[PDB]
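Structure file data11.pdb (PDB, C-alpha atoms (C1' of nucleotides)) follows.
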ATOM      1  CA  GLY X  14      82.733 121.802  25.637  1.00  0.00           C
ATOM      2  CA  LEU X  15      79.758 124.146  25.339  1.00  0.00           C
ATOM      3  CA  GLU X  16      79.090 125.488  28.862  1.00  0.00           C
ATOM      4  CA  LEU X  17      82.340 127.404  29.206  1.00  0.00           C
ATOM      5  CA  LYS X  18      82.802 129.552  32.314  1.00  0.00           C
ATOM      6  CA  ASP X  19      85.548 132.176  32.489  1.00  0.00           C
ATOM      7  CA  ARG X  20      87.652 133.398  35.404  1.00  0.00           C
ATOM      8  CA  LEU X  21      89.899 136.466  35.522  1.00  0.00           C
ATOM      9  CA  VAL X  22      93.206 135.574  37.168  1.00  0.00           C
ATOM     10  CA  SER X  23      94.845 139.009  37.173  1.00  0.00           C
ATOM     11  CA  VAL X  24      94.568 142.403  35.485  1.00  0.00           C
ATOM     12  CA  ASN X  25      97.783 144.433  35.305  1.00  0.00           C
ATOM     13  CA  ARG X  26      98.142 148.024  34.111  1.00  0.00           C
ATOM     14  CA  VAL X  27     101.163 148.751  31.920  1.00  0.00           C
ATOM     15  CA  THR X  28     102.672 151.983  30.617  1.00  0.00           C
ATOM     16  CA  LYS X  29     104.747 152.979  27.583  1.00  0.00           C
ATOM     17  CA  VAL X  30     106.727 156.218  27.786  1.00  0.00           C
ATOM     18  CA  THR X  31     106.558 158.533  24.774  1.00  0.00           C
ATOM     19  CA  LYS X  32     107.605 162.079  23.873  1.00  0.00           C
ATOM     20  CA  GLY X  33     104.354 163.596  25.131  1.00  0.00           C
ATOM     21  CA  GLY X  34     103.618 161.645  28.294  1.00  0.00           C
ATOM     22  CA  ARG X  35     102.578 158.236  29.618  1.00  0.00           C
ATOM     23  CA  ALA X  36     100.643 155.826  27.385  1.00  0.00           C
ATOM     24  CA  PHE X  37      98.639 153.611  29.731  1.00  0.00           C
ATOM     25  CA  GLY X  38      97.276 150.176  28.876  1.00  0.00           C
ATOM     26  CA  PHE X  39      95.515 147.220  30.499  1.00  0.00           C
ATOM     27  CA  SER X  40      96.467 143.546  30.246  1.00  0.00           C
ATOM     28  CA  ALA X  41      94.256 140.724  31.504  1.00  0.00           C
ATOM     29  CA  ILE X  42      94.679 136.963  31.908  1.00  0.00           C
ATOM     30  CA  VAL X  43      91.509 134.873  31.680  1.00  0.00           C
ATOM     31  CA  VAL X  44      91.173 131.103  32.094  1.00  0.00           C
ATOM     32  CA  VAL X  45      87.971 129.671  30.610  1.00  0.00           C
ATOM     33  CA  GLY X  46      86.982 126.050  31.120  1.00  0.00           C
ATOM     34  CA  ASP X  47      84.043 123.713  30.735  1.00  0.00           C
ATOM     35  CA  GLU X  48      84.541 122.640  34.399  1.00  0.00           C
ATOM     36  CA  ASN X  49      84.493 118.983  33.256  1.00  0.00           C
ATOM     37  CA  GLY X  50      87.290 118.141  30.818  1.00  0.00           C
ATOM     38  CA  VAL X  51      88.663 121.139  28.917  1.00  0.00           C
ATOM     39  CA  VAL X  52      90.244 124.461  29.867  1.00  0.00           C
ATOM     40  CA  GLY X  53      92.295 127.213  28.253  1.00  0.00           C
ATOM     41  CA  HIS X  54      94.088 130.431  29.188  1.00  0.00           C
ATOM     42  CA  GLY X  55      94.306 133.662  27.230  1.00  0.00           C
ATOM     43  CA  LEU X  56      95.849 137.118  27.335  1.00  0.00           C
ATOM     44  CA  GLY X  57      94.109 140.327  26.300  1.00  0.00           C
ATOM     45  CA  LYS X  58      95.636 143.785  25.821  1.00  0.00           C
ATOM     46  CA  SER X  59      93.614 146.978  25.382  1.00  0.00           C
ATOM     47  CA  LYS X  60      93.035 150.448  26.844  1.00  0.00           C
ATOM     48  CA  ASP X  61      89.754 149.755  28.671  1.00  0.00           C
ATOM     49  CA  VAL X  62      89.352 147.031  31.283  1.00  0.00           C
ATOM     50  CA  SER X  63      86.152 145.605  29.800  1.00  0.00           C
ATOM     51  CA  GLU X  64      87.655 145.567  26.296  1.00  0.00           C
ATOM     52  CA  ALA X  65      90.799 143.882  27.622  1.00  0.00           C
ATOM     53  CA  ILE X  66      88.780 141.194  29.409  1.00  0.00           C
ATOM     54  CA  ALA X  67      86.635 140.648  26.305  1.00  0.00           C
ATOM     55  CA  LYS X  68      89.712 140.279  24.093  1.00  0.00           C
ATOM     56  CA  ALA X  69      91.239 137.923  26.669  1.00  0.00           C
ATOM     57  CA  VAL X  70      88.225 135.606  26.782  1.00  0.00           C
ATOM     58  CA  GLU X  71      87.860 135.749  22.990  1.00  0.00           C
ATOM     59  CA  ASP X  72      91.500 134.685  22.624  1.00  0.00           C
ATOM     60  CA  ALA X  73      91.187 132.013  25.328  1.00  0.00           C
ATOM     61  CA  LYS X  74      88.110 130.461  23.695  1.00  0.00           C
ATOM     62  CA  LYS X  75      90.549 129.076  21.115  1.00  0.00           C
ATOM     63  CA  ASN X  76      93.245 126.413  21.637  1.00  0.00           C
ATOM     64  CA  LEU X  77      91.427 124.462  24.325  1.00  0.00           C
ATOM     65  CA  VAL X  78      93.099 121.328  25.676  1.00  0.00           C
ATOM     66  CA  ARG X  79      91.738 118.064  27.070  1.00  0.00           C
ATOM     67  CA  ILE X  80      93.017 116.839  30.439  1.00  0.00           C
ATOM     68  CA  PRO X  81      92.516 113.441  32.136  1.00  0.00           C
ATOM     69  CA  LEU X  82      91.038 113.855  35.629  1.00  0.00           C
ATOM     70  CA  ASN X  83      90.518 110.216  36.670  1.00  0.00           C
ATOM     71  CA  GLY X  84      87.703 109.901  39.205  1.00  0.00           C
ATOM     72  CA  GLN X  85      87.672 113.429  40.588  1.00  0.00           C
ATOM     73  CA  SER X  86      91.273 114.706  40.345  1.00  0.00           C
ATOM     74  CA  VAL X  87      94.750 114.151  38.883  1.00  0.00           C
ATOM     75  CA  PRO X  88      95.887 110.515  38.479  1.00  0.00           C
ATOM     76  CA  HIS X  89      99.415 110.939  39.859  1.00  0.00           C
ATOM     77  CA  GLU X  90     101.901 113.549  41.080  1.00  0.00           C
ATOM     78  CA  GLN X  91     103.532 115.873  38.570  1.00  0.00           C
ATOM     79  CA  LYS X  92     105.872 118.864  38.418  1.00  0.00           C
ATOM     80  CA  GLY X  93     105.735 121.789  36.010  1.00  0.00           C
ATOM     81  CA  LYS X  94     108.305 124.579  35.719  1.00  0.00           C
ATOM     82  CA  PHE X  95     107.920 126.755  32.596  1.00  0.00           C
ATOM     83  CA  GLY X  96     110.811 128.967  33.621  1.00  0.00           C
ATOM     84  CA  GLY X  97     110.179 130.996  36.751  1.00  0.00           C
ATOM     85  CA  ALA X  98     107.361 129.148  38.499  1.00  0.00           C
ATOM     86  CA  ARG X  99     107.556 125.604  39.884  1.00  0.00           C
ATOM     87  CA  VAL X 100     104.211 123.906  40.581  1.00  0.00           C
ATOM     88  CA  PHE X 101     103.827 120.444  42.123  1.00  0.00           C
ATOM     89  CA  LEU X 102     100.438 118.701  41.948  1.00  0.00           C
ATOM     90  CA  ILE X 103      99.500 115.660  44.063  1.00  0.00           C
ATOM     91  CA  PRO X 104      96.155 113.807  44.255  1.00  0.00           C
ATOM     92  CA  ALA X 105      94.668 113.477  47.731  1.00  0.00           C
ATOM     93  CA  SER X 106      91.179 111.931  47.943  1.00  0.00           C
ATOM     94  CA  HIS X 107      87.579 112.278  46.757  1.00  0.00           C
ATOM     95  CA  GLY X 108      86.574 114.787  49.446  1.00  0.00           C
ATOM     96  CA  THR X 109      89.691 116.737  50.408  1.00  0.00           C
ATOM     97  CA  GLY X 110      89.398 119.936  48.373  1.00  0.00           C
ATOM     98  CA  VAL X 111      91.547 122.101  46.133  1.00  0.00           C
ATOM     99  CA  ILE X 112      94.516 123.277  48.215  1.00  0.00           C
ATOM    100  CA  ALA X 113      96.105 125.617  45.675  1.00  0.00           C
ATOM    101  CA  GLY X 114      97.647 129.068  45.498  1.00  0.00           C
ATOM    102  CA  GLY X 115      96.267 132.274  44.025  1.00  0.00           C
ATOM    103  CA  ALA X 116      96.338 131.592  40.290  1.00  0.00           C
ATOM    104  CA  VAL X 117      96.582 127.792  40.445  1.00  0.00           C
ATOM    105  CA  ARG X 118      93.236 127.650  42.262  1.00  0.00           C
ATOM    106  CA  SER X 119      91.370 129.239  39.347  1.00  0.00           C
ATOM    107  CA  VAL X 120      92.916 126.836  36.829  1.00  0.00           C
ATOM    108  CA  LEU X 121      92.207 123.796  39.010  1.00  0.00           C
ATOM    109  CA  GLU X 122      88.604 124.924  39.531  1.00  0.00           C
ATOM    110  CA  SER X 123      88.078 125.615  35.818  1.00  0.00           C
ATOM    111  CA  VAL X 124      89.548 122.311  34.620  1.00  0.00           C
ATOM    112  CA  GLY X 125      87.288 120.344  36.964  1.00  0.00           C
ATOM    113  CA  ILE X 126      89.481 119.125  39.824  1.00  0.00           C
ATOM    114  CA  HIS X 127      87.878 119.002  43.269  1.00  0.00           C
ATOM    115  CA  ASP X 128      90.496 117.375  45.546  1.00  0.00           C
ATOM    116  CA  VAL X 129      94.199 118.042  44.952  1.00  0.00           C
ATOM    117  CA  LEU X 130      97.217 119.570  46.707  1.00  0.00           C
ATOM    118  CA  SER X 131      99.421 121.960  44.722  1.00  0.00           C
ATOM    119  CA  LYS X 132     102.591 123.622  46.009  1.00  0.00           C
ATOM    120  CA  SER X 133     104.066 126.565  44.089  1.00  0.00           C
ATOM    121  CA  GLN X 134     107.711 126.575  45.190  1.00  0.00           C
ATOM    122  CA  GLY X 135     108.727 129.328  42.805  1.00  0.00           C
ATOM    123  CA  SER X 136     107.724 132.740  41.491  1.00  0.00           C
ATOM    124  CA  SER X 137     104.397 134.528  41.999  1.00  0.00           C
ATOM    125  CA  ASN X 138     103.800 135.818  38.471  1.00  0.00           C
ATOM    126  CA  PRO X 139     100.281 135.106  37.116  1.00  0.00           C
ATOM    127  CA  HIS X 140     101.717 135.132  33.598  1.00  0.00           C
ATOM    128  CA  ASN X 141     104.068 132.209  34.286  1.00  0.00           C
ATOM    129  CA  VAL X 142     102.326 130.220  37.031  1.00  0.00           C
ATOM    130  CA  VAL X 143      99.284 129.514  34.841  1.00  0.00           C
ATOM    131  CA  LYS X 144     101.514 128.179  32.065  1.00  0.00           C
ATOM    132  CA  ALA X 145     103.462 126.145  34.635  1.00  0.00           C
ATOM    133  CA  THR X 146     100.203 124.617  35.875  1.00  0.00           C
ATOM    134  CA  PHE X 147      99.297 123.861  32.257  1.00  0.00           C
ATOM    135  CA  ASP X 148     102.677 122.196  31.690  1.00  0.00           C
ATOM    136  CA  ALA X 149     102.228 120.118  34.853  1.00  0.00           C
ATOM    137  CA  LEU X 150      98.661 119.165  33.888  1.00  0.00           C
ATOM    138  CA  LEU X 151      99.337 118.203  30.260  1.00  0.00           C
ATOM    139  CA  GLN X 152     102.070 115.694  31.184  1.00  0.00           C
ATOM    140  CA  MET X 153      99.571 113.495  33.061  1.00  0.00           C
ATOM    141  CA  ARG X 154      98.589 110.162  31.499  1.00  0.00           C
ATOM    142  CA  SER X 155      95.974 107.860  33.003  1.00  0.00           C
ATOM    143  CA  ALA X 156      96.252 104.159  33.816  1.00  0.00           C
ATOM    144  CA  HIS X 157      94.555 103.099  30.579  1.00  0.00           C
ATOM    145  CA  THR X 158      96.959 105.296  28.610  1.00  0.00           C
ATOM    146  CA  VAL X 159     100.112 103.945  30.257  1.00  0.00           C
ATOM    147  CA  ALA X 160      98.811 100.387  29.865  1.00  0.00           C
ATOM    148  CA  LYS X 161      98.127 100.928  26.158  1.00  0.00           C
ATOM    149  CA  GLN X 162     101.555 102.524  25.704  1.00  0.00           C
ATOM    150  CA  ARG X 163     103.362  99.649  27.432  1.00  0.00           C
ATOM    151  CA  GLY X 164     101.311  96.927  25.748  1.00  0.00           C
ATOM    152  CA  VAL X 165     100.571  95.135  29.035  1.00  0.00           C
ATOM    153  CA  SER X 166      97.138  94.405  30.467  1.00  0.00           C
ATOM    154  CA  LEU X 167      95.737  96.772  33.077  1.00  0.00           C
ATOM    155  CA  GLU X 168      96.559  94.448  35.972  1.00  0.00           C
ATOM    156  CA  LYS X 169     100.348  94.178  35.783  1.00  0.00           C
ATOM    157  CA  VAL X 170     100.692  97.960  36.055  1.00  0.00           C
ATOM    158  CA  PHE X 171      98.973  97.552  39.447  1.00  0.00           C
ATOM    159  CA  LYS X 172     100.360  94.255  40.786  1.00  0.00           C
TER     160      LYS X 172
ATOM    161  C1'   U Y   1      90.556 101.391  36.854  1.00  0.00           C
ATOM    162  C1'   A Y   2      92.222  98.555  42.106  1.00  0.00           C
ATOM    163  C1'   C Y   3      95.858  98.868  47.355  1.00  0.00           C
ATOM    164  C1'   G Y   4      97.160 102.153  50.956  1.00  0.00           C
ATOM    165  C1'   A Y   5      97.853 107.001  52.175  1.00  0.00           C
ATOM    166  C1'   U Y   6      93.045 111.529  55.276  1.00  0.00           C
ATOM    167  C1'   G Y   7      98.234 114.993  53.942  1.00  0.00           C
ATOM    168  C1'   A Y   8     101.398 120.302  51.472  1.00  0.00           C
ATOM    169  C1'   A Y   9      97.278 127.833  49.740  1.00  0.00           C
ATOM    170  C1'   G Y  10      99.679 132.750  49.656  1.00  0.00           C
ATOM    171  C1'   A Y  11     100.080 138.326  49.612  1.00  0.00           C
ATOM    172  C1'   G Y  12     102.427 143.419  49.906  1.00  0.00           C
ATOM    173  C1'   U Y  13     107.108 145.851  48.791  1.00  0.00           C
ATOM    174  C1'   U Y  14     113.121 147.861  44.227  1.00  0.00           C
ATOM    175  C1'   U Y  15     110.959 150.054  38.223  1.00  0.00           C
ATOM    176  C1'   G Y  16     107.965 154.826  33.524  1.00  0.00           C
ATOM    177  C1'   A Y  17     106.454 149.610  32.700  1.00  0.00           C
ATOM    178  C1'   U Y  18     108.476 143.662  32.445  1.00  0.00           C
ATOM    179  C1'   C Y  19     110.936 139.129  33.991  1.00  0.00           C
ATOM    180  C1'   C Y  20     114.433 136.960  37.504  1.00  0.00           C
ATOM    181  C1'   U Y  21     117.419 136.652  41.897  1.00  0.00           C
ATOM    182  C1'   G Y  22     117.049 138.563  46.605  1.00  0.00           C
ATOM    183  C1'   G Y  23     115.950 140.869  51.817  1.00  0.00           C
ATOM    184  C1'   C Y  24     111.760 142.870  55.180  1.00  0.00           C
ATOM    185  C1'   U Y  25     106.588 142.430  56.796  1.00  0.00           C
ATOM    186  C1'   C Y  26     101.636 140.075  57.242  1.00  0.00           C
ATOM    187  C1'   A Y  27      97.678 136.266  57.135  1.00  0.00           C
ATOM    188  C1'   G Y  28      97.915 130.409  61.582  1.00  0.00           C
ATOM    189  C1'   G Y  29      98.986 127.671  66.278  1.00  0.00           C
ATOM    190  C1'   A Y  30     100.811 127.722  71.229  1.00  0.00           C
ATOM    191  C1'   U Y  31     102.313 129.614  76.464  1.00  0.00           C
ATOM    192  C1'   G Y  32     103.706 128.565  84.598  1.00  0.00           C
ATOM    193  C1'   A Y  33     102.459 134.612  80.548  1.00  0.00           C
ATOM    194  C1'   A Y  34     102.133 140.412  81.686  1.00  0.00           C
ATOM    195  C1'   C Y  35      99.442 145.139  80.462  1.00  0.00           C
ATOM    196  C1'   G Y  36      94.600 147.965  78.712  1.00  0.00           C
ATOM    197  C1'   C Y  37      89.179 147.686  78.276  1.00  0.00           C
ATOM    198  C1'   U Y  38      85.223 144.586  79.934  1.00  0.00           C
ATOM    199  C1'   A Y  39      82.818 140.894  83.159  1.00  0.00           C
ATOM    200  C1'   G Y  40      77.274 135.823  84.955  1.00  0.00           C
ATOM    201  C1'   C Y  41      78.076 130.827  86.449  1.00  0.00           C
ATOM    202  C1'   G Y  42      79.551 125.140  86.769  1.00  0.00           C
ATOM    203  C1'   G Y  43      83.294 120.841  86.151  1.00  0.00           C
ATOM    204  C1'   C Y  44      88.447 120.093  85.832  1.00  0.00           C
ATOM    205  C1'   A Y  45      93.587 121.680  85.579  1.00  0.00           C
ATOM    206  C1'   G Y  46      97.457 125.502  86.968  1.00  0.00           C
ATOM    207  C1'   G Y  47      99.667 129.398  90.134  1.00  0.00           C
ATOM    208  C1'   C Y  48     107.406 133.386  92.474  1.00  0.00           C
ATOM    209  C1'   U Y  49     109.938 131.697  85.283  1.00  0.00           C
ATOM    210  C1'   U Y  50     113.285 137.144  89.046  1.00  0.00           C
ATOM    211  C1'   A Y  51     117.043 137.265  94.859  1.00  0.00           C
ATOM    212  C1'   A Y  52     119.848 128.772  95.969  1.00  0.00           C
ATOM    213  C1'   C Y  53     117.908 136.842  98.747  1.00  0.00           C
ATOM    214  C1'   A Y  54     117.021 137.628 104.408  1.00  0.00           C
ATOM    215  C1'   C Y  55     113.237 135.553 107.831  1.00  0.00           C
ATOM    216  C1'   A Y  56     109.099 137.414 112.920  1.00  0.00           C
ATOM    217  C1'   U Y  57     105.181 133.431 114.546  1.00  0.00           C
ATOM    218  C1'   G Y  58     102.391 128.635 114.301  1.00  0.00           C
ATOM    219  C1'   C Y  59     102.659 123.322 112.647  1.00  0.00           C
ATOM    220  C1'   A Y  60     105.579 119.704 109.854  1.00  0.00           C
ATOM    221  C1'   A Y  61     108.598 112.275 113.096  1.00  0.00           C
ATOM    222  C1'   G Y  62     107.127 109.812 116.400  1.00  0.00           C
ATOM    223  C1'   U Y  63     105.880 105.230 118.754  1.00  0.00           C
ATOM    224  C1'   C Y  64     106.222 100.611 122.183  1.00  0.00           C
ATOM    225  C1'   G Y  65     103.938  99.449 129.802  1.00  0.00           C
ATOM    226  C1'   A Y  66     102.895  92.549 125.975  1.00  0.00           C
ATOM    227  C1'   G Y  67     111.382  94.969 127.599  1.00  0.00           C
ATOM    228  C1'   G Y  68     112.863  97.595 132.778  1.00  0.00           C
ATOM    229  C1'   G Y  69     113.100 100.329 137.453  1.00  0.00           C
ATOM    230  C1'   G Y  70     108.342 102.795 137.806  1.00  0.00           C
ATOM    231  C1'   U Y  71     107.791 108.576 140.274  1.00  0.00           C
ATOM    232  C1'   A Y  72     103.880 112.378 141.188  1.00  0.00           C
ATOM    233  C1'   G Y  73      98.833 111.831 141.057  1.00  0.00           C
TER     234        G Y  73
END
Mind turning this structure into structure tokens?
Amino acid sequence: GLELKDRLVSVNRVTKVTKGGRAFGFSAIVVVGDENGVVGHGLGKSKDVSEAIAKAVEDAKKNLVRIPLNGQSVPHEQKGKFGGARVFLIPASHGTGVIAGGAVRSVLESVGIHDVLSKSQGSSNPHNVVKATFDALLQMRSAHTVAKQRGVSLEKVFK
RNA sequence: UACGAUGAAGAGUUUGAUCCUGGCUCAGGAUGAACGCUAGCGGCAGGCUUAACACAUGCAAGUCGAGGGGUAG
């Protein structure tokens, strides 16, 4: 899209030990989405916080992905692991709300979902839970897509 | 592009820094509740969870003369 809004999930300070002393450094994770159909996460590493966030959003502006969000939310229930984390997304209604964790909430608000229930029965690492949410969101295929893949009309997949 | 289902949130903490497993704690609801501070009412509900420990005193199961002898009065 064109009206991309960013959201900083977490900023973590790292350190590399050298002969002299401690070499600090800032890492930031930023998810930027059009709030309607497309979203993308990025990682930025620098020495200043503003520079790290700028590098993160500049890297996240690339490799955007399209996600089906039938009606107002996910079409079906889906699991996504990506190693440590384990996210489970379920559609609820058209007025429920986004019941998500700490880092899943930002992704689900940037992709454009407004009523979903997500349970993170796993780790609490912002680096891995965002990618787990992405893996659980990219495996979703809508009714038209499954009907076209099967070859059957869009009435037998319902009846 | 319908059907039913009105329903599921995390965070801190081991390390110079990272990921994982893993334990502790917190954010919510509730009570025959107690304690501290405070204090204007109305409706309704509740009130010895412990010693089935020991009890002063009052009341808590009587009625029928259309069953009977019927007495004081």
Near chain Y, meaning an atom within 6 Å, which residues of chain X appear when counting only C-alpha atoms (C1' of nucleotides)? Write them as a CSV table (one decimal) with C-alpha atoms, keeping the file's coordinate frame.
chain,number,residue,atom,x,y,z
X,27,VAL,CA,101.2,148.8,31.9
X,28,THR,CA,102.7,152.0,30.6
X,112,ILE,CA,94.5,123.3,48.2
X,113,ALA,CA,96.1,125.6,45.7
X,114,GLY,CA,97.6,129.1,45.5
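With atom CA of residue 121 of chain X on one side and atom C1' of residue 29 of chain Y on the other, the separation reads 28.4 Å.
The two atoms in question, atom CA of residue 87 of chain X and atom CA of residue 42 of chain X, are spaced 23.9 Å apart.
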Selection: 12 Å around residue 12 of chain Y, only C-alpha atoms (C1' of nucleotides), excl. self and same-chain fewer than 4 positions, as an MDAnalysis selection string = chainID Y and resid 24:27
Check what the PyMOL selection byres ((chain X and resi 102) around 7) selects in the file above and give those residues as a PyMOL selection string.
-> chain X and resi 90-92+100-101+103-104+129-132
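Among the candidates X:115, X:57, X:34, X:84, the one nearest to residue 72 of chain X when counting all atoms listed in the file is X:57.
In terms of minimum interatomic distance to residue 150 of chain X, X:86 ranks closest within X:170, X:86, X:164, X:96, counting all atoms listed in the file.
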Going by the chain IDs and residue numbers used in this file, which residues fall under the PyMOL selection byres ((chain X and resi 36) around 12)? Write them as a PDB file with C-alpha atoms (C1' of nucleotides), in the coordinates of the input.
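Final output, saved to selection.pdb:
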ATOM      1  CA  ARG X  26      98.142 148.024  34.111  1.00  0.00           C
ATOM      2  CA  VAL X  27     101.163 148.751  31.920  1.00  0.00           C
ATOM      3  CA  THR X  28     102.672 151.983  30.617  1.00  0.00           C
ATOM      4  CA  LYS X  29     104.747 152.979  27.583  1.00  0.00           C
ATOM      5  CA  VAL X  30     106.727 156.218  27.786  1.00  0.00           C
ATOM      6  CA  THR X  31     106.558 158.533  24.774  1.00  0.00           C
ATOM      7  CA  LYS X  32     107.605 162.079  23.873  1.00  0.00           C
ATOM      8  CA  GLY X  33     104.354 163.596  25.131  1.00  0.00           C
ATOM      9  CA  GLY X  34     103.618 161.645  28.294  1.00  0.00           C
ATOM     10  CA  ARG X  35     102.578 158.236  29.618  1.00  0.00           C
ATOM     11  CA  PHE X  37      98.639 153.611  29.731  1.00  0.00           C
ATOM     12  CA  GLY X  38      97.276 150.176  28.876  1.00  0.00           C
ATOM     13  CA  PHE X  39      95.515 147.220  30.499  1.00  0.00           C
ATOM     14  CA  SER X  59      93.614 146.978  25.382  1.00  0.00           C
ATOM     15  CA  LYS X  60      93.035 150.448  26.844  1.00  0.00           C
TER      16      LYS X  60
ATOM     17  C1'   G Y  16     107.965 154.826  33.524  1.00  0.00           C
ATOM     18  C1'   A Y  17     106.454 149.610  32.700  1.00  0.00           C
TER      19        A Y  17
END
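The space separating atom CA of residue 105 of chain X from atom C1' of residue 4 of chain Y comes to 12.0 Å.
For the residues X:98, X:124, X:80, X:41, ranking by smallest atom-to-atom distance to residue 152 of chain X using all atoms listed in the file places X:80 first.
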Matched chain/residue IDs from the PyMOL selection byres ((chain X and resi 125) around 10), as a PyMOL selection string | chain X and resi 46-52+80-82+85-87+120-124+126-128
Distance query segment 73-77 of chain X at most 7 Å, all atoms listed in the file, self and fewer than 4 positions along chain excluded, as a ChimeraX atom specification | /X:43-45,51-55,69
Selection to disk with C-alpha atoms, as an mmCIF file, in the coordinates of the input:
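Just written: selection05.cif:
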data_model
loop_
_atom_site.group_PDB
_atom_site.id
_atom_site.type_symbol
_atom_site.label_atom_id
_atom_site.label_comp_id
_atom_site.auth_asym_id
_atom_site.auth_seq_id
_atom_site.Cartn_x
_atom_site.Cartn_y
_atom_site.Cartn_z
ATOM 1 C CA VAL X 43 91.509 134.873 31.680
ATOM 2 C CA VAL X 44 91.173 131.103 32.094
ATOM 3 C CA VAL X 45 87.971 129.671 30.610
ATOM 4 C CA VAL X 51 88.663 121.139 28.917
ATOM 5 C CA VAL X 52 90.244 124.461 29.867
ATOM 6 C CA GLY X 53 92.295 127.213 28.253
ATOM 7 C CA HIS X 54 94.088 130.431 29.188
ATOM 8 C CA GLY X 55 94.306 133.662 27.230
ATOM 9 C CA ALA X 69 91.239 137.923 26.669
#
Which residues are close to segment 145-147 of chain X, i.e. within 7 Å by only C-alpha atoms (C1' of nucleotides), leaving aside same-chain residues fewer than 4 positions away? Reply as an mmCIF file with C-alpha atoms, keeping the file's coordinate frame.
data_model
loop_
_atom_site.group_PDB
_atom_site.id
_atom_site.type_symbol
_atom_site.label_atom_id
_atom_site.label_comp_id
_atom_site.auth_asym_id
_atom_site.auth_seq_id
_atom_site.Cartn_x
_atom_site.Cartn_y
_atom_site.Cartn_z
ATOM 1 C CA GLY X 93 105.735 121.789 36.010
ATOM 2 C CA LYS X 94 108.305 124.579 35.719
ATOM 3 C CA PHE X 95 107.920 126.755 32.596
ATOM 4 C CA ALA X 98 107.361 129.148 38.499
ATOM 5 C CA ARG X 99 107.556 125.604 39.884
ATOM 6 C CA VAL X 100 104.211 123.906 40.581
ATOM 7 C CA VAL X 117 96.582 127.792 40.445
ATOM 8 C CA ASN X 141 104.068 132.209 34.286
ATOM 9 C CA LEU X 151 99.337 118.203 30.260
#
